[PDB]
Each structure stands twice: as structure tokens, then as C-alpha cells.
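**Student:** Any chance you can model this:
(chains A and B)
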2 protein chains.
Amino acid sequence: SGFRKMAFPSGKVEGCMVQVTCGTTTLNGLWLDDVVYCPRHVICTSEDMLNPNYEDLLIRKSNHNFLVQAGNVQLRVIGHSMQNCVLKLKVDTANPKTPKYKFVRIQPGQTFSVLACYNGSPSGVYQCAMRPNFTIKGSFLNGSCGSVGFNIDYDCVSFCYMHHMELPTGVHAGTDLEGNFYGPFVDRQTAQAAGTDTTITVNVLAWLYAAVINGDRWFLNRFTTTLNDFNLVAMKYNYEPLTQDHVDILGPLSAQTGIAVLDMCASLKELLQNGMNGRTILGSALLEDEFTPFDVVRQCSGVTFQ
Amino acid sequence: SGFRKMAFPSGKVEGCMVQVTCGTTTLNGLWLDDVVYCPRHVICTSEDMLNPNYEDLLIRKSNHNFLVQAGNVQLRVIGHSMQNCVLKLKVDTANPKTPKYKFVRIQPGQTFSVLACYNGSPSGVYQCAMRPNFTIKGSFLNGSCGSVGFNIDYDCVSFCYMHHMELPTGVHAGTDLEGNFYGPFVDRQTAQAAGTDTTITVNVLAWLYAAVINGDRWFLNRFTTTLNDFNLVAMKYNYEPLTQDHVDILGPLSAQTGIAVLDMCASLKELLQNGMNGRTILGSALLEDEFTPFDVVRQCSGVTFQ
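**Tutor:** Numbering: from 1, shown residues only, chains lettered A, B, ... in the order given. Shown next is the protein structure:
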């Protein structure tokens, strides 16, 4: 038993991390087949970040201006192109560690594992959720740009995130592996605001089901509610509106624990209006919203990967 | 910036996980050089766990009674021996993925990464702390036994934990890689109690330094205190007694932030007596004690691994 914030095994993604140097900027790249993917602001100086014209800045760059390093071994760059906010560097060598992979654009509320790197070397791994305002609350120091977020199913790594920016609020923004930013963010050092951060209501509910599964039942109440009435309570506390889809997704968890989704919605309503009174749920004094319903089922079953 | 519960990259340990079957019991093993390490209760049936005589149970076992599987490939067992609570199975093939490795016995309060596995396949990775009562709060389902905990420095994996038991309280116990249990626990299905769980005081302090580093300063007070007087407060709240060694270990964090250790001890005293008043520190409404001072320095610097 027990329930934990858990990350996918990072072994497949580690064999894909390289070091990318352009001029005096060094960051991380992702080496799949004979292409290296990295944030396009590798071509920027510290001053260029204040207002970069990437097209013009890239005109002055050639293939031999990109230093791609895997271990002590340099890759030969034969071509380069800018797809949105990522640079695609064609190299002469397919990555012999290329796993089965996909590029996916996740939705708000979905989770993924981040393999934080510096100079192409993996430093650590942790779980992150795509906040409804398309930010993430991660851990990114200078040089972590290019670190990727991913999900694994069986043998397939689903790459979904690449780190590009830290916002003046301290939260993080990035793109998918096609270069399109999550949210209204741009790769410029200027004042950009995330929207109102709201709570992923369906994730809190799955976390409450995981709590009931593991013995934490003190919050189960004698009340029940409706979808509209629960939602009317959810707006006051900046919770994402719950829908029938969210209800459907929680069905398996409802079936195992025998607690109707609308019941758990009512137990959540009591927690929102009365607090936790100094108690904890799965060792937390807050309401966790970074576990999807699928994350709960995986941990409560034992899914493994090849 | 940002601060996160982070686990080491698991790629090196993944290439060491195998499946071990003895009779009808299947669990995980660790394949280093030409030896497989696994919990000795792989030789037990469900009834044997109630009172096992491992010596006698092992007499009836031969080398060909151990099914060791790496992928679709079986290992040939040439020898077997029982070191305390782990079984050492000599195989005819050195692991070609054997990394530089060490067997270490960590101390209470130290942290490590757990690569949870089922049937020799890695399922996930998360961080754990050796509680002062030598338990760990992990995530372990049926078949996770044999999953290992480790730390990485440069190229060296320091194996320190192997999972063997879930306690009737839902917490977890295991051995080092020489088979010696952490704590007074035995590999028997009987009532065993952990001691009073206490809080790792030096870990809370390093976490408070990490908070100040990342902008959370609302808890910094105008008071200071002594070691004895702070400790007198720590016993009431079941905190581990703080020593000069703990003070010394926090020196680097004291030096960077310019806050004396005894000051932070006084800010902790106010948090213990007045609570958090509904505020959060690094996104938590509790006082986290599973980050060592070294874990904080690593994240606030960017240490990487080869």
C-alpha cells in the first residue's frame, strides 16, 4: 500500500539527452533518430533575450555554429531549421538509444515526469502537472532549459514538454516538442503574467479516492450533492468546473470503493468550507491536485513498463 | 528556481532489475556482476510467512529451483547462499549493465531514491527518507519486494535499501544490501510495531533554508534561541534533538542566506507553537522533514551525474 508522488523511470530519456552549445549559450537537447531538439533561445545572448528577432539572429548561424555533445563525443550537424520555438538540428548519426517515441501535446490537468538536466547530463526526475493556466511548478536552475517532460506507456515514451522559461513569479513555462508554447507565453525576457491559477477538481477527487483506498476515511461525510450545486461552490474556491466527462473518468475509482462520485463531491465540499482542522490526508495538510485519475489507478494496480 | 521532491535518474538501476521466481513466489532481484540479490522470503509460501524457519526451508531448495529472468532471457544459477535476510544467487553471466556500485548502510534521516518494480520491470521512482524509527513511507504493492533504494554520486550507485515488508500500520521496512534490517523488524507475518515516529529536525531546517532561498520568507522572525532551549521545545513536538553536528552541517546554508542556525531554530520554534495559520511554505501546509541539507544544496546548485 501507500501512495506517493511517483515519476516514470527515466532510463530511456537519459540516453537521449545531449549538450547543445551555440556561441556562449549552453543548454540541453533531445536526440531522437538523427535530429536534435533544443530551445531556439540557445542562439540568444543575455542581451538578445530582452527583444530577440529569432529569424534575423538565426541568419547569422550556420551548421558549424552548433556544438552538439553526447558524452565526450561530438555530433556532426548537417542541417538546421526553426519549428516555432524549438531548433531542429539534423546530425549525421541516428541515436542508437532512440526508444519508441511520440510527440504529444497534453491537456491542462494532465501530469508528466520531468528529467531535469544541466549540460546534457541528467540531474533528477520529478512529477509535474500542466496547471490550468499552462504553467508548471517545477525545479529549474540556470542551464536546465531543454529538459523534457514525458509519459511512458509500455515501450513508448510520449514526449510532451520542453523547458524554456522561468516567469518573474518563479513558475515555469515551455513548449511541446513541436515548439508551440503551452499558454500565452513567449521566449522573451519581458513581463508575462499567468492567469488565475485554479485547482484541478477531477485530480483532487481521484486523490481522495486514493486516500480512501489506503485507509484515510475520516473525511467521508453523510451528505451528497449535485453537479451544478457543487460547481457553484467550486467557483468561490477557484476550482475547475466539474463535468460529466470528469465523472465518467472517475468511474473505475467509484466502482472499486463503492462511493458515488457525487458523494465524494460532497465530502470535498465539506473540506472546502470547513478546512482540514489540522488533520492530514495521505500525509498532506493540503488538497493535492497533481494526481490524475490514471495516476491513481496505475499506483493502485502496479503497472510496469518495457 | 523552484524546489521539488526529486529522485535520482533511475537508468543505471533499471539495467540491474531482474525477476526471481522460487516455487510460486515471484519478486524482484538486483543483478550486479554475476550475483543476484533478492529477499530471502522468495522461498516462502503464503503460509510459511506466518512462522518461517529459513534455514530448513532453504535446505529443500536447489540452484535449479530459482528462476532468474532478465527480459526474455533466463540466467543460469550456479550457487546460492543466505546472507542474513537476502539471498545471493550466483549466475553464470556478469551483468553487462553493471554500473560502478557500492553497498552502504545509511543513517536515520538520510534520503534515497526508490525504483519500485514488479516482475523485474521498473514501474516508478520516488524519494524516501529513513525515518528515525527505521521505517519508510513509500508505495509498495504485492510483488514490489526486492525493489531497491539508492543514491548516486558521479558514476557510483550507492545501494542502501531493499524492500521486504509492509507493516500492519501500512508503513514499510527492509534491509540493506547485506540483508540486515533497518530497525527491529523481522521477515515474518506477525505483529511488529515501529517506535514513536519523530521528526528529522535538521531536515526541517534545511527545508526552511531552501524556502528562504526560493522567496518564502514570511516565517523569518525577530527572535533567536539556544540549543538547549530549542531542544526543550523539540521534545514536546517529537522532534529529534538538534546537535552541534547538525548545526555544522547547515553551515553552507547559513553562509549563503546569512541567517544564523540558531535564528532559524527560533523561527521553527514559532511555527511549532503557533502553527502555520493557513499559510504554506514551498507549497506545503506542513513542515517537510524528508530533505537533507545535502539534498537542498544539490538542488540549489545543479549537481549532475555521469
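
**Student:** rest of the way, CA atoms for contacts and neighbours
**Tutor:** Will do.

**Student:** residues in contact with residue A:179?
**Tutor:** Residue A:179 is in contact with A:39, A:83-86, counting by C-alpha atoms under 8 Å, 6 or more residues apart in numbering or on different chains.

**Student:** what do you get for residue A:201?
**Tutor:** With contact set as C-alpha under 8 Å, 6+ apart, residue A:201 has these partners: A:239-242, A:289.

**Student:** can you narrow those to ones near chain B?
**Tutor:** Among the contacts of residue A:201, proximity to chain B is found for none (C-alpha under 8 Å from any C-alpha of the partner chain).

**Student:** can you redo these as CSV with neighbour count?
**Tutor:** Below are the contacts of residue A:201 laid out as CSV (neighbours: other C-alpha atoms under 10 Å in any protein chain shown):
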residue, neighbour count
A:239, 19
A:240, 17
A:241, 19
A:242, 17
A:289, 20
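
**Student:** Identify those among the residues you listed that sit within strands.
**Tutor:** Judged by DSSP state E, strands contain none of these.

**Student:** Residue A:47: which of these is nearest?
**Tutor:** Taking C-alpha to C-alpha as the measure, residue A:47 lies nearest residue A:289 of the contacts of residue A:201, at 37.9 Å.

**Student:** ok, that closest one - contacts?
**Tutor:** Residues counted as contacts of residue A:289 (C-alpha under 8 Å, 6+ apart) are A:199-204, A:207.

**Student:** and which of these is nearest to chain B?
**Tutor:** residue A:199 (13.2 Å; C-alpha to the nearest C-alpha).

**Student:** For the stretch 51-200 of chain A, list the residues in contact with chain B, please.
**Tutor:** A:115, A:117-118, A:121-126, A:137-141, A:166, A:170-171.

**Student:** measure the closest residue to residue A:196 other than its chain neighbours to chain B for me?
**Tutor:** Nearest residue to residue A:196, sequence neighbours excluded (C-alpha to C-alpha, 6 or more residues apart in numbering or on different chains): residue A:133, at 6.8 Å. Residue A:133 sits 17 Å away from chain B, going by C-alpha to the nearest C-alpha, to the nearest Å.

**Student:** now the strands: where do they sit in chain A?
**Tutor:** Using DSSP E, strands in chain A cover A:17-22, A:25-32, A:35-39, A:66-70, A:73-75, A:77-83, A:86-91, A:100-103, A:111-118, A:121-129, A:148-153, A:156-166, A:172-175.

**Student:** Now render the contacts of residue A:289 as TSV, adding distance to residue A:226.
**Tutor:** Listed next are the contacts of residue A:289 as TSV, based on distance: C-alpha to C-alpha, whole Å:
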residue	distance to residue A:226
A:199	19
A:200	18
A:201	15
A:202	15
A:203	18
A:204	17
A:207	20
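
**Student:** Buried subset of those residues as a PyMOL selection?
**Tutor:** Those of these that count as buried under 16 or more other C-alpha atoms under 10 Å in any protein chain shown are selected in PyMOL with:
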select buried, chain A and resi 199+200+201+202+203+204+207
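
**Student:** out of the contacts of residue A:289, which are inside helices?
**Tutor:** A:201-204, A:207 (DSSP state H).

**Student:** Redo those as CSV? Include distance to residue A:234.
**Tutor:** Formatted as CSV, these follow (distance: C-alpha to C-alpha, whole Å):
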residue, distance to residue A:234
A:201, 8
A:202, 12
A:203, 14
A:204, 12
A:207, 17
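
**Student:** Can you tell me which of those lies closest to residue A:65?
**Tutor:** residue A:203 (45.1 Å).

**Student:** residues near residue A:274, how many?
**Tutor:** By other C-alpha atoms under 10 Å in any protein chain shown, 9 other residues sit near residue A:274.

**Student:** Enumerate every residue touching the residue lying closest to residue A:285 once chain neighbours are set aside.
**Tutor:** Distances taken as C-alpha to C-alpha, 6+ apart put residue B:285 closest to residue A:285, at 5.2 Å, once the chain neighbours are dropped. Applying C-alpha under 8 Å, 6+ apart to residue B:285 gives the contacts A:284-286, B:276, B:278-279.

**Student:** Now do the phi/psi pair for the residue sitting furthest away from the middle of chain A.
**Tutor:** Centroid-distance maximum for chain A: residue A:222 at 36.3 Å, with C-alpha atoms, centre = their mean. The phi and psi values for residue A:222, taken as degrees, to the nearest 10, are phi -100, psi 10.

**Student:** Residue A:241 too?
**Tutor:** The phi/psi pair for residue A:241 (degrees, to the nearest 10) is phi -60, psi 130.

**Student:** Point me to the residue of chain A nearest chain B.
**Tutor:** Closest residue of chain A to chain B, C-alpha to the nearest C-alpha: residue A:11 (3.5 Å).

**Student:** Please look at that residue and residue B:11 and confirm they touch.
**Tutor:** Yes: the criterion here is C-alpha atoms under 8 Å, and residue A:11 meets it with residue B:11 at 3.5 Å.

**Student:** For residue A:302, find the nearest of the strands of chain A.
**Tutor:** Residue A:302 lies closest, by C-alpha to C-alpha, to one member of the strands of chain A: strand A:148-153, at 13.0 Å.

**Student:** Partner strands of that closest one and their direction?
**Tutor:** Sheet neighbours of strand A:148-153, with direction, are listed as strand A:111-118 (antiparallel), strand A:156-166 (antiparallel) (DSSP bridges).

**Student:** okay, those strands, which one's buried deepest?
**Tutor:** When these are scored by mean count of other C-alpha atoms under 10 Å in any protein chain shown, the highest mean neighbour count falls to strand A:111-118 (a mean of 27).

**Student:** Perfect, I'm done here.
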